[PDB]
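A quick write-up on the structure given underneath.
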Amino acid sequence: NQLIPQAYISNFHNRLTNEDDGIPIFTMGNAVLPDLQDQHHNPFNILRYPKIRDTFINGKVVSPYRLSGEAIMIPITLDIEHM
Amino acid sequence: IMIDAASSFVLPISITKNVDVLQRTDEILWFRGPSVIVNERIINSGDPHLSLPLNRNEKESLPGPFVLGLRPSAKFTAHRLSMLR
Amino acid sequence: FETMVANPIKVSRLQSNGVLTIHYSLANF
């Protein structure tokens with residue numbers, strides 16, 4: 001018990017449509033992330049950050065998807081409006 | 001013979017104005033039975049006035065109950081205080 | 001004064017033996 005599992009959190013599209021991060025895909029201490037400060041090895045201390053508690057609250061449950069001599073690099077552009 | 005009786009009662013009228021020496025709840029606890037007073041928790045099973053040997057009406061008022069309490073001398077306490085620091 | 005019966009305080013032995021003192025363990029969102 002008292003272990004956080006490895007998966008079943010994919011809160012990504014809400015951060016794509018969060019309207020504050022520098023993402024050009026969609027249109028319509030003092031550190032932010034504790035990757036340099038310790039939490040005394042307690043899970044609850046991660047809930048004080050607003051960019052992480054939003055991921056814990058607004059997450060969702062997905063299913064895991066299961067799937068030449070010289071390379072020719074061709075850049076492919078994409079511009080499609082939808083809804 | 002029952003075990004899980006209450007044996008604790010508190011009157012609803014709070015007269016907690018001059019009551020600070022009794023046993024409070026933190027109100028006054030009122031039991032179903034009184035208290036008992038024990039003088040000394042240790043009994044010297046020697047001191048032959050209590051053991052009554054069979055060798056030899058005599059009245060004798062001993063000074064204090066501390067004969068029957070295994071009280072040590074002050075010299076060992078002073079020696080332990082000298083061993084403290 | 002003689003009509004002033006009090007409220008009994010129960011033992012609560014299951015709450016007297018081993019009661020402790022859950023969102024604090026992060027396993028339920």
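As shown in the structure tokens, the chain order sets the letters A, B, ...; within each chain, residues go from 1, and ligands are also counted from 1 in the order they appear.
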
Using only C-alpha atoms and a cut-off of 7 Å, which residues of chain C sit close to chain B? Please list them as an NGL selection string. :C and (6-11)

Could you list, as a CSV table (one decimal) with N, CA and C atoms, in the first residue's frame, the residues of chain A having an atom within 8 Å of chain C when counting only C-alpha atoms?
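Saved as selection-v5.csv:
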```
chain,number,residue,atom,x,y,z
A,2,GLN,N,0.2,2.4,0.1
A,2,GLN,CA,0.7,3.8,0.1
A,2,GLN,C,1.8,4.0,-1.0
A,3,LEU,N,1.6,3.4,-2.2
A,3,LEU,CA,2.5,3.6,-3.3
A,3,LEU,C,1.7,4.2,-4.5
A,4,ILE,N,2.3,5.2,-5.1
A,4,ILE,CA,1.7,5.8,-6.3
A,4,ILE,C,2.0,5.0,-7.5
A,43,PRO,N,5.1,12.0,0.1
A,43,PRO,CA,4.3,12.3,-1.1
A,43,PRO,C,3.4,13.6,-1.0
A,44,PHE,N,2.8,13.8,0.1
A,44,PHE,CA,1.9,14.9,0.3
A,44,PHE,C,2.5,16.3,0.0
A,56,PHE,N,-2.7,16.4,-10.9
A,56,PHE,CA,-3.4,15.3,-10.1
A,56,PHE,C,-4.9,15.4,-10.1
A,57,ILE,N,-5.4,16.7,-10.2
A,57,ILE,CA,-6.9,16.8,-10.2
A,57,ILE,C,-7.5,16.5,-11.6
```

Residues within 8 Å of stretch 58-69 of chain B, only C-alpha atoms, excluding chain neighbours under 4 positions, as a ChimeraX atom specification: /B:40-44,47

Take the residues just selected and output them with N, CA and C atoms as an mmCIF file, in the first residue's frame.
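The file below, selection-v1.cif, is the result:
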```cif
data_model
loop_
_atom_site.group_PDB
_atom_site.id
_atom_site.type_symbol
_atom_site.label_atom_id
_atom_site.label_comp_id
_atom_site.auth_asym_id
_atom_site.auth_seq_id
_atom_site.Cartn_x
_atom_site.Cartn_y
_atom_site.Cartn_z
ATOM 1 N N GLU B 40 2.355 4.427 52.427
ATOM 2 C CA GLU B 40 3.595 4.025 51.780
ATOM 3 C C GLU B 40 3.341 2.773 50.954
ATOM 4 N N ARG B 41 3.826 2.780 49.713
ATOM 5 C CA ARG B 41 3.609 1.675 48.788
ATOM 6 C C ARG B 41 4.560 0.508 49.012
ATOM 7 N N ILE B 42 5.562 0.669 49.869
ATOM 8 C CA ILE B 42 6.554 -0.362 50.139
ATOM 9 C C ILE B 42 6.401 -0.817 51.587
ATOM 10 N N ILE B 43 6.476 -2.130 51.800
ATOM 11 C CA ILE B 43 6.345 -2.731 53.122
ATOM 12 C C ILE B 43 7.654 -3.419 53.473
ATOM 13 N N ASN B 44 8.261 -3.001 54.579
ATOM 14 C CA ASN B 44 9.448 -3.668 55.098
ATOM 15 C C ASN B 44 8.994 -4.928 55.824
ATOM 16 N N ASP B 47 11.941 -5.871 60.241
ATOM 17 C CA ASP B 47 11.597 -5.008 61.375
ATOM 18 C C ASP B 47 10.758 -5.759 62.402
#
```

Please list as a ChimeraX atom specification every residue within 12 Å of residue A:13, counting only C-alpha atoms and excluding residues in the same chain fewer than 3 positions away. /A:9-10,16-19,21,23,25-26,28,55,58-60

Output N, CA and C atoms for every residue in that selection, as a CSV table (one decimal), in the first residue's frame.
```csv
chain,number,residue,atom,x,y,z
A,9,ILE,N,-2.2,8.4,-15.8
A,9,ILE,CA,-2.3,9.8,-15.8
A,9,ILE,C,-1.8,10.4,-17.1
A,10,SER,N,-2.7,11.0,-17.8
A,10,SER,CA,-2.3,11.6,-19.1
A,10,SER,C,-3.0,13.0,-19.3
A,16,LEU,N,-2.1,21.5,-23.1
A,16,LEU,CA,-2.0,22.1,-24.4
A,16,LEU,C,-3.0,23.3,-24.6
A,17,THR,N,-4.2,23.2,-23.9
A,17,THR,CA,-5.2,24.2,-24.0
A,17,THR,C,-5.3,25.0,-22.7
A,18,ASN,N,-4.1,25.2,-22.0
A,18,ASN,CA,-4.0,25.9,-20.7
A,18,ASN,C,-3.9,27.4,-20.9
A,19,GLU,N,-3.6,27.9,-22.1
A,19,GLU,CA,-3.6,29.3,-22.5
A,19,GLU,C,-2.5,30.1,-21.7
A,21,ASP,N,1.1,28.4,-21.3
A,21,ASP,CA,2.3,27.8,-21.7
A,21,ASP,C,2.6,28.1,-23.2
A,23,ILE,N,2.8,27.0,-26.2
A,23,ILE,CA,2.4,25.9,-27.1
A,23,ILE,C,1.7,26.5,-28.3
A,25,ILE,N,0.4,24.8,-30.8
A,25,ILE,CA,-0.4,23.7,-31.4
A,25,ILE,C,-1.9,24.2,-31.4
A,26,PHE,N,-2.4,24.5,-30.2
A,26,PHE,CA,-3.8,24.9,-30.0
A,26,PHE,C,-3.9,26.4,-29.8
A,28,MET,N,-7.5,28.0,-29.4
A,28,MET,CA,-8.7,28.1,-28.5
A,28,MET,C,-8.8,27.0,-27.5
A,55,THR,N,-2.3,18.7,-12.3
A,55,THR,CA,-2.1,17.5,-13.0
A,55,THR,C,-2.8,16.3,-12.2
A,58,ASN,N,-7.0,17.3,-12.6
A,58,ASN,CA,-7.6,17.2,-13.9
A,58,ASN,C,-7.0,16.1,-14.8
A,59,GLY,N,-6.5,15.1,-14.3
A,59,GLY,CA,-6.0,14.0,-15.1
A,59,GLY,C,-7.1,13.1,-15.6
A,60,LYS,N,-6.7,12.1,-16.4
A,60,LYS,CA,-7.7,11.2,-17.0
A,60,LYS,C,-7.1,9.8,-17.1
```

Using atom CA of residue B:14 and atom CA of residue B:26 as the two end points, give the distance in Å to one decimal.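 Pair atom CA of residue B:14 / atom CA of residue B:26 returns 13.0 Å.
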
When DSSP works through the backbone of this structure, what residues of chain B end up as helix (DSSP H, G or I), shown as a ChimeraX atom specification? /B:65-69,74-84

From a backbone DSSP assignment, name each residue in chain B labelled strand (DSSP E or B), as a ChimeraX atom specification. /B:9-10,24,28,30
